[PDB]
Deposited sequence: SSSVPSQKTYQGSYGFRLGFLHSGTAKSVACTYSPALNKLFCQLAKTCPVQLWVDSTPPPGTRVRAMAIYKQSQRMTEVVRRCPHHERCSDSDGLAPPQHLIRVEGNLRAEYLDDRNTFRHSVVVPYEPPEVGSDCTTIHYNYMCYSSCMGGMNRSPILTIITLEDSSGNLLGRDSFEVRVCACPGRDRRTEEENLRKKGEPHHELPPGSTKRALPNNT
C-alpha cells in the first residue's frame, strides 16, 4: 500500500511550520532542503492542545508514483557508516529527545520515528522537533524526491492530524532551493 499524504488539520487544528545553510524551507515548493545529518527544526502548531498520550510520527515515502510502494531507507553506504538509538536503515532520526521510538511496520516494512507530543516551550506558540536526515537524495533514494509525512496520533495509533512536506537532502541546501524556486518562476 501507500501511506496517505492527505493534509488533515483535524479537531486540534494541527499543521506544520518551519524556521552555510544547514536547513531551509520553501513555502512555494512546500519543500525542505537540508544537509546530511544536520538539525532540521520542524514546528507543530495546534489551535487546541491534544491530550497527554498524544504521539507524533514522522515517516518518509517516495513522491513519484512509480516508486510510491517502495520503502524509503538509507543506502548501503550510509547504513554502514550513529547514536545507538536509530536503526542504521532508518532515514529519519530525531535529535535531542530522550523518548524517540524507532518503528518498523510488520506488513509494509516502512520505517518511522515517534516521539510523545509535548505542549509548546515557553516563548513559543509551537512545539519544535529536531529531525536529521541520514542519507542524500542522490544516493537508496538515488535522486528520487521524498515526502516526510507527520501524523498526530492518539496512544492507540488512531489519526488525529496529518501534514507533509517534500525534502531534498543535499550538500548545498541554500543553493539548491534558489535553483528550484527560480525554476518554478
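Positions of the deposited sequence absent from the coordinates, in order: 1-2, 22-27, 90-91, 150-151, 198-219.
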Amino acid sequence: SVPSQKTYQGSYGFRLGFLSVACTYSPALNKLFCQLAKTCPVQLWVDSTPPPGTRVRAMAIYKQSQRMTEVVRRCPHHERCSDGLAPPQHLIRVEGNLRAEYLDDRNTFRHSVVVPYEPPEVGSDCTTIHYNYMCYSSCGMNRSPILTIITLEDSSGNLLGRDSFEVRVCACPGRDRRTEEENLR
From here on, numbers count along this sequence of modelled residues.
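Comparing 72-80 with 99-107, the higher mean C-alpha B-factor in the PDB entry belongs to 72-80.
Of the two segments examined, 9-17 and 171-179, it is 171-179 that shows the higher average Cα temperature factor in the deposited entry. Comparing the listed residues 51, 157, 41, 27, the entry records the largest Cα B-factor for 51. Across 55, 31, 67, 130, the entry's maximum B-factor at the CA atom is seen for 67. Sort the modelled residues of the chain by CA B factor and residue 153 lands in the lowest third. When the modelled residues of the chain are ordered by their C-alpha B factor, residue 126 lands in the middle third. Sorting the modelled residues of the chain by their CA temperature factor places residue 37 in the middle third. When the CA B factors of the chain's modelled residues are split into thirds, the value for residue 141 lands in the highest one.
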